[PDB]
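Structure record follows, encoded as structure tokens.
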Amino acid sequence: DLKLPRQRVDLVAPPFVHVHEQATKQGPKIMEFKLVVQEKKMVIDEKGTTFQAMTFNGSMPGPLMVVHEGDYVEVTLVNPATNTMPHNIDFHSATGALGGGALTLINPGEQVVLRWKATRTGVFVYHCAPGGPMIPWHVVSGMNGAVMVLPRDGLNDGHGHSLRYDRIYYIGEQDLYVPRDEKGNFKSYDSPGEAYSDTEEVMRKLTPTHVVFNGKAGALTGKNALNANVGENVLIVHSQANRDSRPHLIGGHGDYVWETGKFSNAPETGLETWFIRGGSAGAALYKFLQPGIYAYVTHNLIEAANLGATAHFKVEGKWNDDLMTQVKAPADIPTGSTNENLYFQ
Amino acid sequence: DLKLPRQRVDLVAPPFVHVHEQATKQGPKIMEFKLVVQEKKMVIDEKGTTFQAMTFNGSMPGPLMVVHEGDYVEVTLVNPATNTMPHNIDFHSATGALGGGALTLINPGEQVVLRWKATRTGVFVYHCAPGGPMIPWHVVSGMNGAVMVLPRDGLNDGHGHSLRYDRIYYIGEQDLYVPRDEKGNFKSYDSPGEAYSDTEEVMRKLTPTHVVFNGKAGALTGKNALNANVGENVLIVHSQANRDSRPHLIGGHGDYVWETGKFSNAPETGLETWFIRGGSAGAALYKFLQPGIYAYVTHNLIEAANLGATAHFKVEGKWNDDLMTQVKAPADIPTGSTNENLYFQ
Amino acid sequence: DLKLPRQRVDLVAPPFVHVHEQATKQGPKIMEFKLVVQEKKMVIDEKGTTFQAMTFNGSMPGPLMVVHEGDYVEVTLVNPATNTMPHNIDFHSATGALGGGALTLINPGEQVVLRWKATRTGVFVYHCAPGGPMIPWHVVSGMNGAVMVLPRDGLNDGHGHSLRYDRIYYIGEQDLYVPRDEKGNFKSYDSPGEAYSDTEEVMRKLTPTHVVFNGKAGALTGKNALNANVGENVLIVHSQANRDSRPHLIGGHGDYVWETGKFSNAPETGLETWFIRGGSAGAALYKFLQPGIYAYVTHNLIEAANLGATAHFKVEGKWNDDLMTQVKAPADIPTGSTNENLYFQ
Ligand SMILES: OC[C@@H]1O[C@@](CO)(O[C@H]2O[C@H](CO)[C@@H](O)[C@H](O)[C@H]2O)[C@@H](O)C1O
Ligand SMILES: OC[C@@H]1O[C@@](CO)(O[C@H]2O[C@H](CO)[C@@H](O)[C@H](O)[C@H]2O)[C@@H](O)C1O
Ligand SMILES: OC[C@@H]1O[C@@](CO)(O[C@H]2O[C@H](CO)[C@@H](O)[C@H](O)[C@H]2O)[C@@H](O)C1O
Ligand SMILES: OC[C@H]1O[C@@](CO)(O[C@H]2O[C@H](CO)[C@@H](O)[C@H](O)[C@H]2O)[C@@H](O)[C@@H]1O
Ligand SMILES: OC[C@H]1O[C@@](CO)(O[C@H]2O[C@H](CO)[C@@H](O)[C@H](O)[C@H]2O)[C@@H](O)[C@@H]1O
Ligand SMILES: OC[C@H]1O[C@@](CO)(O[C@H]2O[C@H](CO)[C@@H](O)[C@H](O)[C@H]2O)[C@@H](O)[C@@H]1O
Ligand SMILES: OC[C@H]1O[C@H](O[C@]2(CO)O[C@H](CO)[C@H](O)[C@@H]2O)[C@@H](O)[C@@H](O)[C@@H]1O
Ligand SMILES: OC[C@H]1O[C@H](O[C@]2(CO)O[C@H](CO)[C@H](O)[C@@H]2O)[C@@H](O)[C@@H](O)[C@@H]1O
Ligand SMILES: OC[C@H]1O[C@H](O[C@]2(CO)O[C@H](CO)[C@H](O)[C@@H]2O)[C@@H](O)[C@@H](O)[C@@H]1O
Ligand SMILES: [Cu+2]
Ligand SMILES: [Cu+2]
Ligand SMILES: [Cu+2]
Ligand SMILES: [Cu+2]
Ligand SMILES: [Cu+2]
Ligand SMILES: [Cu+2]
């Protein structure tokens, strides 16, 4: 009889995060979460390609859950009767029973309640894992998200100093494997089950057709760019449940980065690009110092520009010409430099 | 005239490890090992696909060798007359002569004796490297293993505390490149030499057809699952001589992980998934806290489930419901939750 | 009005590095550099395959720039009128305006001057990034290099001890995506623009046709091998602007390695193989202890041996038989060992 107070949590869709505290004086709680599996067709690129997705709570990625070390996490996983196949959930944050997967298999029309103790700090992947070849297929169909287990005293730099974020975003990256017809056009299917055989053939060759943030090419650009302001310290949680990624903030840095994502380790400082090993989450803090657009990418630039994996930040504030300035705008090349410039051919 | 006592070592087949000490009061020794190259056809998957393998001591991976810092490692490498081509050995643990490869080239019917000083602690790859295109081909045909050079005082956590394992397993991961015919069926060959040209064509495209532990899909499952017990601290050495991997213990963690595999560095704590850069070995300690089956995978789940790269641990002991419990078994979704659940579509 | 002394820098072609100091007593300077874009056909492999390359200063990689923390870096970027398209430059070392790219777009016949403050220590990638799909294309056509921002007191080991190199080399690794005809032969084009569509198709499948150091297979072998001597501490800077790499010095180690490349972090010690995440630079120090040839590779050995990614060091000095020796040259296998050797089949 676990005799701890209960605390409900209201999840929100990525890239935003439910309300939470960093440092807390609360004691351990039973933190109550609900995830509802949704099988649904989704648009994944700017040309309108559709996909038979499988998700937690209707999004790719599933929502970020936030708890503190020593909390107990009680998850009600629901599999609506309109879905077509069994699902479960594996928390990489949890200990035992294949992360929970061996205790959460549910058919359409069922729900189950799992409790796991948050004994390990960091950001962690969660994902569906029904068994055998269905494990990769459910994951790369969209059934993955992340959970953050904060120390009770919040984050620190590993050298005795507290670190605090003013804003948090969760960037879930998804590798997708979309069959093509003989002409090269992406194929559409009327159900996930119908897509499976052709999709497995693409999966086998290990080369995604799309690599996207928040479920679709362009999802976090334009009207949906991520907002920030000069002076704000922003935590960027990045997950990839199946395949490596190399995040980079174009025009910025990672001031403090937990590449492997685990807060019992000191973060690395001043990174250009970091590395999220497939099957994990990591996190980076950065304090914005300049206004403007920033692109946030995986720095395989082919994947970023051509397969979907670019987000934007729109940062308001005043430009700092000490950090960077255009000394001279574009102008003619002086003819007096001709010889000198021939040495650099 | 190196005047140190000699100590023979009797190698055993992976994933087990020859008898050794962690901390030792022995002084430096000439540690004597023998490796015998074996070219042999091997079954690599559950459908019975065969492969012309090339191995050290008849296994994929070659056996784990264990010594201590400051030992000298005297290796007799033997190339039986029934083999068909030259072989050698490169120790990433060693200094000079291309790791030993430039001193160990032997034809069928020859043996050679190499000695190297174990000046660097950690787990390290060893592999054949005859020269030019034969280097990748011999490696991805199976000619790679690992050596562990322990500190004399055993492992520590980088923060002044000793770490000791109760059990050790060596997981060698192998990327394989098996030609297919026009219909997609894997092709068989009567000798390694006959397989070479078609195999190089597959290698060139950098996408393995199989990714296996201990030489074959399913090798470390079923009857050959890895045994452990709740309370035991288990060291899991993982190597990959040619290609990256991202190990994960499903239902567990890496309590202490040397991702780059080198014991002069403190391990990272509490990892979900780690990263073995191709051409290296790493190691993870984990103390089992729950009984049951665990899967140990590379967390490209396509490779794990569909190309062969899953092992199992079978852990005996008592379940701990404080760490994880099924609060409610699968049940109907209440109709009273309909509206609420519509917000998660 | 930034009132600091100016210091010109004379760049040199990789793998060599312009003259510089490690520790310095100079105060902050405006360090003046010029890069001139060159579009040019280049030979990329030993069979004479040509490529429509795009470069900074005529080389792949672009030259290494070296400054100290707190310097201001004033770069004149020149786009000669004989080139065919716009170019710019993004410094991962810089803060704001997409690393400089949003302030440096120039047409053929133009030059621009950008200044950025070197507030972050480490080795960093710089690369062209005109916008959209041109970003990966310009990068994988050769438009990338690196900049090193040294602490003013030079490098240290993270444990209060200075580290100093006697020699520095910059190894830029380039993934190339060369179209083939129906027979498999590489195709030639009369301009970069003409190559683009076919090249993008290769890029999309994420598998390079070539992986090269210093712009071509064999560039840093034979007459162009890298020289060193026993006793010298050599810094090896490695960059990869678009794709992961796993450097390894065959016969050596990384004594001190900044895998993520950022000197505010302590280096790792005694690595066999390290990992350069695509979009970054890293660096390794190694003190040579044995003479001879060393190969320096990415340890995907297929890429190293078969797609171009092998360099050599030629190290002069005296062999140390204590570290490694051939105890017995190749000889017959004794018939007295037959039984014993049957246990290793
Ligand atoms: O609009 C952003 C911004 O809001 C300020 C309030 O004056 O801080 C607010 O937003 C940040 C970013 O979400 C949060 O960290 C604070 O909790 C919240 O009060 C502010 O500086 C400003 O102009
Ligand atoms: O059967 C495993 C198990 O054996 C015990 C002995 O009582 O420890 C033994 O095995 C472990 C795992 O190999 C080793 O570390 C010990 O050296 C060995 O004595 C035990 O707890 C038990 O039931
Ligand atoms: O020829 C290499 C070598 O040169 C010595 C000078 O006696 O050092 C010189 O070269 C190294 C490697 O570039 C530099 O670090 C020194 O600055 C330079 O003086 C030497 O030991 C030797 O035989
Ligand atoms: O990529 C193969 C080839 O297929 C075509 C259609 O025949 O386009 C497909 O692939 C493109 C790259 O992924 C997508 O942009 C497009 O949506 C898809 O139809 C050809 O245009 C292309 O050359
Ligand atoms: O994968 C191509 C295609 O080949 C076939 C046989 O024609 O199966 C081959 O590939 C499968 C996936 O690797 C293997 O399971 C099988 O052993 C091999 O024959 C087709 O079944 C498959 O669609
Ligand atoms: O690789 C496909 C096939 O193409 C051929 C020419 O028809 O060779 C091409 O590819 C080789 C491997 O990349 C290169 O060495 C060569 O330069 C290129 O023409 C065939 O020889 C090869 O089997
Ligand atoms: O003996 C079964 C106990 O374990 C259960 O968790 C799992 C269920 O799938 O049981 C084994 C552990 O031995 C599996 O590997 C899982 O870890 C518990 O819920 C429990 O009630 C059991 O007593
Ligand atoms: O001068 C040859 C000495 O080196 C030998 O090791 C190798 C042999 O292949 O020799 C060079 C080093 O210069 C190669 O690169 C290897 O390191 C030693 O065995 C030795 O006896 C020599 O004197
Ligand atoms: O308001 C424009 C200011 O920014 C300029 O740098 C860039 C130019 O492309 O401007 C925005 C920042 O808001 C872009 O994202 C870049 O960072 C400066 O040169 C400056 O003069 C401006 O005032
Ligand atoms: Cu599912
Ligand atoms: Cu998982
Ligand atoms: Cu061999
Ligand atoms: Cu090697
Ligand atoms: Cu350009
Ligand atoms: Cu970049």
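Residue numbering restarts at 1 in every chain; chains get A, B, ... in the order shown in the structure tokens, and ligands count up from 1 in that same order.
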Counting only C-alpha atoms and all ligand atoms, what are the residues of chain B within 6 Å of ligand 5, and for each of them which pair of atoms is the nearest and at what distance in Å, to one decimal? Sort the table by chain and rising number, as a Markdown table.
| residue | atom | partner | partner_atom_place_in_ligand_line | distance |
| --- | --- | --- | --- | --- |
| B:47 | CA | ligand 5 | 17 (O) | 5.8 |
| B:183 | CA | ligand 5 | 7 (O) | 4.3 |
| B:184 | CA | ligand 5 | 4 (O) | 3.3 |
| B:185 | CA | ligand 5 | 19 (O) | 3.6 |
| B:186 | CA | ligand 5 | 19 (O) | 5.4 |
Any chance you can output those residues with N, CA and C atoms as a tab-separated table (two decimals), in the first residue's frame?
chain	number	residue	atom	x	y	z
B	47	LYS	N	16.94	-18.65	-40.68
B	47	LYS	CA	16.48	-19.30	-41.91
B	47	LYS	C	17.57	-20.19	-42.48
B	183	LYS	N	16.59	-12.50	-57.33
B	183	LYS	CA	15.30	-12.66	-56.66
B	183	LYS	C	15.43	-12.19	-55.22
B	184	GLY	N	16.62	-11.84	-54.77
B	184	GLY	CA	16.70	-11.45	-53.37
B	184	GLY	C	17.16	-12.50	-52.39
B	185	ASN	N	17.34	-13.72	-52.86
B	185	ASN	CA	17.80	-14.81	-52.01
B	185	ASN	C	19.31	-14.66	-51.75
B	186	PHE	N	19.69	-14.98	-50.50
B	186	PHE	CA	21.12	-14.94	-50.20
B	186	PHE	C	21.82	-16.04	-50.98
Review point. Could you write out as number ranges by chain the residues of chain B within 7 Å of chain C, counting only C-alpha atoms?
Key: B: 36, 38, 57-58, 92, 94-99, 103, 106, 109-117, 120, 132-133, 135-136, 203-205, 242-243, 260, 262, 264-265, 277-280
Now that the selection is made, can you save its residues with N, CA, C and O atoms as a compact mmCIF listing (two decimals), in the first residue's frame?
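part.txt written:
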# COMPACT_ATOMS: atom_id res chain seq x y z
N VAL B 36 44.18 -19.40 -33.09
CA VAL B 36 44.29 -20.22 -34.29
C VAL B 36 43.22 -19.79 -35.29
O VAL B 36 42.04 -19.84 -35.01
N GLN B 38 40.64 -19.83 -38.13
CA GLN B 38 39.83 -20.82 -38.76
C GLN B 38 38.93 -20.20 -39.84
O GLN B 38 38.04 -19.39 -39.49
N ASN B 57 40.04 -18.61 -33.54
CA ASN B 57 39.64 -19.68 -32.63
C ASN B 57 38.26 -20.25 -32.92
O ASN B 57 37.61 -20.87 -32.09
N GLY B 58 37.76 -20.04 -34.13
CA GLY B 58 36.54 -20.67 -34.56
C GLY B 58 35.25 -19.95 -34.20
O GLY B 58 34.17 -20.48 -34.52
N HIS B 92 44.45 -3.15 -31.00
CA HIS B 92 44.31 -1.75 -30.71
C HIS B 92 44.84 -1.36 -29.36
O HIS B 92 45.02 -0.18 -29.03
N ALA B 94 47.89 -2.23 -28.40
CA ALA B 94 49.33 -2.29 -28.57
C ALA B 94 49.88 -1.05 -29.28
O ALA B 94 49.17 -0.34 -29.99
N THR B 95 51.17 -0.83 -29.05
CA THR B 95 51.88 0.31 -29.66
C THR B 95 52.94 -0.12 -30.68
O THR B 95 53.91 -0.79 -30.30
N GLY B 96 52.76 0.29 -31.93
CA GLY B 96 53.77 0.06 -32.95
C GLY B 96 53.27 -0.90 -34.03
O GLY B 96 52.39 -1.72 -33.80
N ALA B 97 53.91 -0.86 -35.18
CA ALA B 97 53.78 -1.84 -36.24
C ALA B 97 52.34 -2.16 -36.58
O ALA B 97 51.93 -3.31 -36.75
N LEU B 98 51.55 -1.11 -36.72
CA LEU B 98 50.15 -1.24 -37.09
C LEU B 98 49.45 -2.18 -36.14
O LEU B 98 48.61 -2.99 -36.53
N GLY B 99 49.75 -2.04 -34.85
CA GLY B 99 49.12 -2.82 -33.77
C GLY B 99 49.64 -4.25 -33.70
O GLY B 99 49.08 -5.06 -32.94
N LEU B 103 53.95 -7.26 -38.14
CA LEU B 103 54.85 -8.28 -37.63
C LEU B 103 54.23 -9.66 -37.60
O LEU B 103 54.90 -10.57 -37.09
N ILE B 106 51.12 -14.22 -41.73
CA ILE B 106 51.44 -15.62 -41.87
C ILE B 106 50.60 -16.26 -42.95
O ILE B 106 49.40 -16.06 -43.09
N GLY B 109 49.90 -22.77 -42.92
CA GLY B 109 51.01 -23.61 -42.52
C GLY B 109 52.06 -22.96 -41.67
O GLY B 109 53.03 -23.61 -41.34
N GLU B 110 51.82 -21.70 -41.33
CA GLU B 110 52.76 -20.95 -40.49
C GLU B 110 52.13 -20.48 -39.16
O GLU B 110 50.92 -20.31 -39.08
N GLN B 111 52.98 -20.22 -38.18
CA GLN B 111 52.63 -19.51 -36.97
C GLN B 111 53.71 -18.47 -36.66
O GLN B 111 54.84 -18.60 -37.12
N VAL B 112 53.35 -17.46 -35.87
CA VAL B 112 54.22 -16.37 -35.50
C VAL B 112 53.98 -16.02 -34.04
O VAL B 112 52.86 -16.26 -33.53
N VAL B 113 54.98 -15.45 -33.37
CA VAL B 113 54.82 -15.04 -31.96
C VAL B 113 55.12 -13.56 -31.82
O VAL B 113 56.23 -13.10 -32.17
N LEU B 114 54.09 -12.83 -31.36
CA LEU B 114 54.17 -11.39 -31.11
C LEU B 114 54.07 -11.10 -29.64
O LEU B 114 53.24 -11.68 -28.99
N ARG B 115 54.90 -10.17 -29.15
CA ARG B 115 54.73 -9.74 -27.79
C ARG B 115 54.43 -8.25 -27.79
O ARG B 115 55.12 -7.46 -28.48
N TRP B 116 53.44 -7.81 -27.01
CA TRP B 116 53.14 -6.41 -26.84
C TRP B 116 52.94 -6.07 -25.38
O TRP B 116 52.35 -6.85 -24.63
N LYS B 117 53.41 -4.91 -24.96
CA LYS B 117 53.27 -4.47 -23.60
C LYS B 117 51.91 -3.79 -23.38
O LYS B 117 51.52 -2.91 -24.14
N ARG B 120 48.16 0.38 -21.82
CA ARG B 120 46.92 1.18 -21.90
C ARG B 120 45.77 0.35 -21.34
O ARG B 120 45.52 -0.77 -21.79
N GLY B 132 45.27 -3.37 -47.49
CA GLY B 132 44.40 -2.88 -48.55
C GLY B 132 42.95 -3.36 -48.34
O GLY B 132 42.45 -3.37 -47.21
N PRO B 133 42.27 -3.70 -49.43
CA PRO B 133 40.86 -4.11 -49.33
C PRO B 133 40.70 -5.38 -48.53
O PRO B 133 39.58 -5.67 -48.12
N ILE B 135 41.70 -5.74 -45.60
CA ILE B 135 41.44 -5.34 -44.18
C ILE B 135 39.94 -5.33 -43.88
O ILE B 135 39.52 -6.11 -43.00
N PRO B 136 39.11 -4.51 -44.55
CA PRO B 136 37.70 -4.64 -44.19
C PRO B 136 37.13 -6.04 -44.43
O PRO B 136 36.27 -6.47 -43.68
N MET B 203 29.46 -4.69 -49.53
CA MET B 203 30.17 -3.85 -48.56
C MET B 203 30.19 -2.41 -48.99
O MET B 203 30.04 -1.50 -48.15
N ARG B 204 30.41 -2.16 -50.29
CA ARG B 204 30.54 -0.80 -50.79
C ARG B 204 29.34 0.07 -50.50
O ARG B 204 29.49 1.32 -50.35
N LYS B 205 28.16 -0.53 -50.41
CA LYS B 205 26.96 0.26 -50.17
C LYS B 205 26.69 0.46 -48.67
O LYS B 205 25.72 1.14 -48.33
N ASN B 242 34.01 -2.57 -36.95
CA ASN B 242 33.84 -1.91 -38.23
C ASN B 242 32.71 -0.90 -38.31
O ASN B 242 32.67 -0.13 -39.27
N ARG B 243 31.77 -0.89 -37.34
CA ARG B 243 30.54 -0.11 -37.53
C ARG B 243 29.96 0.23 -36.19
O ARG B 243 30.10 -0.50 -35.22
N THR B 260 33.61 4.82 -24.54
CA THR B 260 34.82 4.70 -25.31
C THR B 260 35.74 3.58 -24.83
O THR B 260 36.75 3.32 -25.53
N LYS B 262 37.73 2.95 -21.95
CA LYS B 262 39.11 3.13 -21.51
C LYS B 262 39.09 3.57 -20.05
O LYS B 262 38.60 4.63 -19.70
N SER B 264 41.09 4.62 -17.78
CA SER B 264 41.69 5.85 -17.23
C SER B 264 40.69 7.00 -17.20
O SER B 264 40.99 8.04 -16.62
N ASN B 265 39.52 6.83 -17.82
CA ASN B 265 38.44 7.79 -17.78
C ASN B 265 37.37 7.32 -16.81
O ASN B 265 37.06 6.13 -16.81
N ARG B 277 31.54 3.27 -30.83
CA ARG B 277 31.99 3.77 -32.11
C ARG B 277 32.69 2.62 -32.86
O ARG B 277 33.50 1.88 -32.27
N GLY B 278 32.37 2.45 -34.12
CA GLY B 278 32.97 1.36 -34.90
C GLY B 278 34.50 1.42 -34.79
O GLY B 278 35.08 2.48 -34.86
N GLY B 279 35.11 0.23 -34.60
CA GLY B 279 36.54 0.17 -34.31
C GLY B 279 36.87 0.23 -32.86
O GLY B 279 37.99 0.61 -32.54
N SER B 280 35.97 -0.13 -31.96
CA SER B 280 36.27 -0.03 -30.53
C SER B 280 35.46 -1.04 -29.76
O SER B 280 34.50 -1.66 -30.24
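You will find atom 2 (C, counted along the ligand's line) of ligand 2 at 21.6 Å from CA of residue 155 (chain B).
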Check your understanding: If you run DSSP on the backbone, which residues of region 59-245 of chain C are alpha helix (DSSP H), as a list in words?
Key -> residues 134, 135, 136, 137, 138, 139, 140, 192, 193, 194, 195, 196, 197, 198, 199, 200, 201, 202, 203 and 204 of chain C
Using N, CA, C and O atoms, can you export the residues from the last selection as an mmCIF file, in the first residue's frame?
data_model
loop_
_atom_site.group_PDB
_atom_site.id
_atom_site.type_symbol
_atom_site.label_atom_id
_atom_site.label_comp_id
_atom_site.auth_asym_id
_atom_site.auth_seq_id
_atom_site.Cartn_x
_atom_site.Cartn_y
_atom_site.Cartn_z
ATOM 1 N N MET C 134 20.514 24.132 -51.073
ATOM 2 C CA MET C 134 21.906 24.466 -51.433
ATOM 3 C C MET C 134 22.827 24.265 -50.256
ATOM 4 O O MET C 134 24.016 24.117 -50.457
ATOM 5 N N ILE C 135 22.307 24.278 -49.027
ATOM 6 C CA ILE C 135 23.206 24.077 -47.856
ATOM 7 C C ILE C 135 23.902 22.716 -47.908
ATOM 8 O O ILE C 135 25.147 22.701 -47.985
ATOM 9 N N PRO C 136 23.186 21.583 -47.903
ATOM 10 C CA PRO C 136 23.976 20.357 -48.013
ATOM 11 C C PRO C 136 24.800 20.274 -49.292
ATOM 12 O O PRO C 136 25.886 19.714 -49.271
ATOM 13 N N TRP C 137 24.264 20.759 -50.404
ATOM 14 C CA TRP C 137 24.990 20.574 -51.657
ATOM 15 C C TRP C 137 26.318 21.301 -51.674
ATOM 16 O O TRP C 137 27.331 20.774 -52.094
ATOM 17 N N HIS C 138 26.321 22.546 -51.200
ATOM 18 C CA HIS C 138 27.601 23.262 -51.152
ATOM 19 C C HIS C 138 28.573 22.619 -50.202
ATOM 20 O O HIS C 138 29.768 22.530 -50.497
ATOM 21 N N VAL C 139 28.059 22.121 -49.069
ATOM 22 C CA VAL C 139 28.952 21.467 -48.103
ATOM 23 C C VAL C 139 29.552 20.211 -48.663
ATOM 24 O O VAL C 139 30.769 20.006 -48.562
ATOM 25 N N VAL C 140 28.737 19.339 -49.242
ATOM 26 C CA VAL C 140 29.254 18.060 -49.706
ATOM 27 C C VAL C 140 29.932 18.222 -51.074
ATOM 28 O O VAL C 140 30.583 17.253 -51.540
ATOM 29 N N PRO C 192 29.131 22.737 -61.981
ATOM 30 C CA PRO C 192 28.432 22.280 -60.774
ATOM 31 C C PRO C 192 26.916 22.247 -60.994
ATOM 32 O O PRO C 192 26.196 21.338 -60.578
ATOM 33 N N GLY C 193 26.412 23.295 -61.636
ATOM 34 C CA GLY C 193 24.990 23.371 -61.858
ATOM 35 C C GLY C 193 24.459 22.210 -62.637
ATOM 36 O O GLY C 193 23.369 21.698 -62.350
ATOM 37 N N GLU C 194 25.226 21.768 -63.626
ATOM 38 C CA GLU C 194 24.801 20.626 -64.428
ATOM 39 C C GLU C 194 24.794 19.327 -63.626
ATOM 40 O O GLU C 194 24.023 18.398 -63.961
ATOM 41 N N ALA C 195 25.660 19.261 -62.621
ATOM 42 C CA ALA C 195 25.746 18.040 -61.793
ATOM 43 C C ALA C 195 24.659 17.949 -60.755
ATOM 44 O O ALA C 195 24.446 16.874 -60.190
ATOM 45 N N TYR C 196 24.013 19.057 -60.486
ATOM 46 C CA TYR C 196 23.210 19.136 -59.266
ATOM 47 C C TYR C 196 22.094 18.103 -59.193
ATOM 48 O O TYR C 196 21.954 17.395 -58.184
ATOM 49 N N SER C 197 21.258 18.046 -60.235
ATOM 50 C CA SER C 197 20.085 17.190 -60.077
ATOM 51 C C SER C 197 20.434 15.733 -59.835
ATOM 52 O O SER C 197 19.899 15.054 -58.953
ATOM 53 N N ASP C 198 21.377 15.209 -60.616
ATOM 54 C CA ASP C 198 21.807 13.837 -60.453
ATOM 55 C C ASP C 198 22.499 13.654 -59.093
ATOM 56 O O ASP C 198 22.326 12.596 -58.472
ATOM 57 N N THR C 199 23.247 14.648 -58.638
ATOM 58 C CA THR C 199 23.926 14.537 -57.360
ATOM 59 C C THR C 199 22.945 14.503 -56.196
ATOM 60 O O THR C 199 23.110 13.704 -55.266
ATOM 61 N N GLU C 200 21.901 15.322 -56.257
ATOM 62 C CA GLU C 200 20.908 15.344 -55.175
ATOM 63 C C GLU C 200 20.278 14.003 -55.031
ATOM 64 O O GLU C 200 19.918 13.576 -53.931
ATOM 65 N N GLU C 201 20.060 13.282 -56.109
ATOM 66 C CA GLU C 201 19.472 11.944 -56.040
ATOM 67 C C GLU C 201 20.354 10.955 -55.263
ATOM 68 O O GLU C 201 19.873 10.129 -54.496
ATOM 69 N N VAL C 202 21.647 11.075 -55.455
ATOM 70 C CA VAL C 202 22.608 10.253 -54.694
ATOM 71 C C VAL C 202 22.611 10.699 -53.245
ATOM 72 O O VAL C 202 22.570 9.879 -52.323
ATOM 73 N N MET C 203 22.660 12.021 -53.023
ATOM 74 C CA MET C 203 22.655 12.513 -51.651
ATOM 75 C C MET C 203 21.479 11.991 -50.867
ATOM 76 O O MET C 203 21.612 11.649 -49.678
ATOM 77 N N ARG C 204 20.298 11.945 -51.505
ATOM 78 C CA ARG C 204 19.083 11.537 -50.814
ATOM 79 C C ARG C 204 19.166 10.165 -50.203
ATOM 80 O O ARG C 204 18.488 9.897 -49.166
#
Practice item. Excluding residue 157 (chain C) and any residue of its chain fewer than 4 positions from it, enumerate the residues within 7 Å of it, using only C-alpha atoms, and give them as a list in words. Key: residues 161, 162, 163, 266 and 267 of chain C
Exercise for review: Please extract the residues at most 10 Å from ligand 14, counting only C-alpha atoms and all ligand atoms, and provide them as a PyMOL selection string, using the chain letters and residue numbers of this document.
Suggested key: chain C and resi 37-39+53-56+79+85-89+105-106+127-131+134-144
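The coordinates place CA of residue 220 (chain A) at 20.4 Å from CA of residue 317 (chain A).
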Practice item. Please identify the residues whose atoms come within 7 Å of ligand 3, using only C-alpha atoms and all ligand atoms, and report them as a PyMOL selection string. Key: chain C and resi 166-167+229
Residues as selected, N, CA, C and O atoms, written as an mmCIF file, in the first residue's frame, can you do that?
data_model
loop_
_atom_site.group_PDB
_atom_site.id
_atom_site.type_symbol
_atom_site.label_atom_id
_atom_site.label_comp_id
_atom_site.auth_asym_id
_atom_site.auth_seq_id
_atom_site.Cartn_x
_atom_site.Cartn_y
_atom_site.Cartn_z
ATOM 1 N N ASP C 166 54.072 19.575 -30.602
ATOM 2 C CA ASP C 166 55.227 19.852 -31.406
ATOM 3 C C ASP C 166 54.927 19.978 -32.886
ATOM 4 O O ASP C 166 55.709 20.574 -33.629
ATOM 5 N N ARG C 167 53.772 19.473 -33.297
ATOM 6 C CA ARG C 167 53.380 19.455 -34.689
ATOM 7 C C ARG C 167 51.860 19.386 -34.743
ATOM 8 O O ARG C 167 51.287 18.729 -33.864
ATOM 9 N N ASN C 229 58.289 12.305 -35.895
ATOM 10 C CA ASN C 229 59.421 11.642 -35.289
ATOM 11 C C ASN C 229 59.048 11.102 -33.927
ATOM 12 O O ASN C 229 58.203 11.673 -33.230
#
Check your understanding: What separation in Å, quoted to one decimal, exists between CA of residue 187 (chain B) and CA of residue 82 (chain B)?
Key -> 23.5 Å
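Considering the residues A:126, A:16, A:51, A:177 and counting only C-alpha atoms and all ligand atoms, ligand 11 has its shortest atom-to-atom contact with A:126.
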Check your understanding: Near residue 217 (chain C), within 12 Å and counting only C-alpha atoms, which residues show up once chain neighbours fewer than 4 positions away are dropped, as an MDAnalysis selection string?
Key -> chainID C and resid 42:50 60 173:176 209:213 221:222 224 297 303:312
Check your understanding: If you run DSSP on the backbone, which residues of region 75-140 of chain A are strand (DSSP E or B), as number ranges by chain?
Key -> A: 75-79, 87, 90-91, 106, 110-117, 122-127
